[PDB]
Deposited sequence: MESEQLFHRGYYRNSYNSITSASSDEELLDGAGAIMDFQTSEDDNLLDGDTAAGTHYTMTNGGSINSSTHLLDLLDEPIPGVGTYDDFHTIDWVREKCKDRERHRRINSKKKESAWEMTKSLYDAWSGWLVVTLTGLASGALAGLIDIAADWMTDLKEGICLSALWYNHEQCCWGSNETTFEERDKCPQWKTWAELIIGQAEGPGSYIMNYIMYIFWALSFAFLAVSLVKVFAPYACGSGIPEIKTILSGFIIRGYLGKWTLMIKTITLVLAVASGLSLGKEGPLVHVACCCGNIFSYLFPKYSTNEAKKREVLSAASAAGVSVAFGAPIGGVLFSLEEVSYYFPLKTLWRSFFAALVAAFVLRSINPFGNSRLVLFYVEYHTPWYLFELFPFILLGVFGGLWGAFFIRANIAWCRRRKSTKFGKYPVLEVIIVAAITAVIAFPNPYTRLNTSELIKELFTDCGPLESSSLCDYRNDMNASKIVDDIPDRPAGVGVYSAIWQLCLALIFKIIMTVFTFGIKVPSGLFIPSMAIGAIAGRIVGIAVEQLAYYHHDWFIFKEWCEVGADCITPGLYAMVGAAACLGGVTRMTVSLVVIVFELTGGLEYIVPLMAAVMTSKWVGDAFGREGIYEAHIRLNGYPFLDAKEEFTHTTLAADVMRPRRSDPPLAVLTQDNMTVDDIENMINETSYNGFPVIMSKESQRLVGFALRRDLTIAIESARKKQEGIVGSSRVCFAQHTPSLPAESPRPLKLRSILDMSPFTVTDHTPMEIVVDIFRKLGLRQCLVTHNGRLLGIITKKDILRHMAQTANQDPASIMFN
């Protein structure tokens, strides 16, 4: 019972490190006594690599299964495959105007064309969208309410030391997997790549419990989960180095500088296991995978910057509009009806996403077609073409018309769709918005070059007889621009994009676009979406970037004040059982310092609520703090800070040593306490 942590309170890292040292000393004392002890110590040391290996394996396997099921269910909204009911659209079409794959309209009316067929297909698409959204939201609400959302805002807080009991359990993992598949299939403007960080961390937490070295200790658990988040982003984007950089930058909070190898190994193993999931010989590393072998010119940095500007405004817009909506999702009756919320949102998305062929496609498929340049064989509306460039017809006009509506639709609907009670990600919708913007810009540039190639701006570069601009690169740049504008990631995101879409010729474009998007989004506030949502949920997250603007000291932030009762303290050897029982019943504090005497106020040590209560109960079933005696469980080395200490130092010691509370002493006389809640409240 002693040394546990209760629900929804932040962790003290120093105590966990001390307990880890105690266990290490216990092991090392026996280590040299016999060879068997050396073998046991080696196994205990390899426990970390075992848990990280299993986390990578599970992340790869679960991401592969999620991708397969999501693809199948997304295709199931548009038709079935009579020859084999367990093949998806692409697999059935490739397995040979196809008679084996039949849409619902052909099944019900028996006619493949006409107003009736379109009506029936529209209705049935709406039906499956509604059914998948219903099943996912209800399953989340009933069996594991923690699966909702991307879960990165919570994983970041958990790695910062926070505690959420079932967030990384087995029911949360199972329901997150199933409901993430169902939600991505439903057609909601959400993703499945951000939520895989939560799945990887769930796997890490589950696999930690197989080793007592990690089950009892918590900081070691945070290290394992930091590796797991790297594995999760790796498997999400297939970018081991990008995943590890994301973990170090966005998610991982505490970094002993040795687990970086563990994070990289976890990412590599996850990517390896995911790559092996290719039963049908797919040629893509990810469902939104594309590569580029075309040039880019210096004048294309003018609009690559412009896209960054877009990525900065939309990002800044999104955090403004989404957070506000999420606010209304809690300060209105809309929050009392989450299943109805998801039903309405999914229905609206399906009704307004079917007419436009770009929004009807799976967002990953949309990102894939937005990264692919127009080939000779392509005759779709996106590449309807009839001099260096190619003449264009009404098809391109209509294509821009449709892409504009797709962009508006997705910008508006991701705002309302991010914070609903079903596993939802933000990487995929943000990339879709950015890619649609980039494709629009690229098509505009291509048409501008074609009509006015005779202008000097293009006369120097564009060569007669060959294509001069590649809109797919513009789309890939806009994806990163918006992704960095919303997440405020700079280098981890750029590495993620580089590994996600192979090719180094576009480091300068991506770098410029991402930097411009972040700098434009910072002019409206330096909050990423995962920090704006951490703020909104009011999670006790000690931001590594937050600055204490007030030029005040630890004097300002102690919270015994003139309007508060006298500081809660403990005497040394005069108090009895009744006094402590009454004080704890009448008070609501997690820990109490121990001092010499009323007139002395000379510090002795620290004690915690849970262990003190446990000891009192044990003593009653079966009071001096000096050398009934509670000497053992008394934290005799509590951190202290002088009132004239400045708040930068207190924040720094909290960040580095992972403090949960620090006493404050004046000339050896105790004054008050400063906990994480105090620093966080006062920082705001």
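Enquirer: What ranges of the deposited sequence, counted from 1, have no C-alpha atoms in this structure?
Expert: Going by the record, the segments left unmodelled (no C-alpha atoms) fall at 1-80, 177-185, 476-486, 723-731, 737-748, 806-818.
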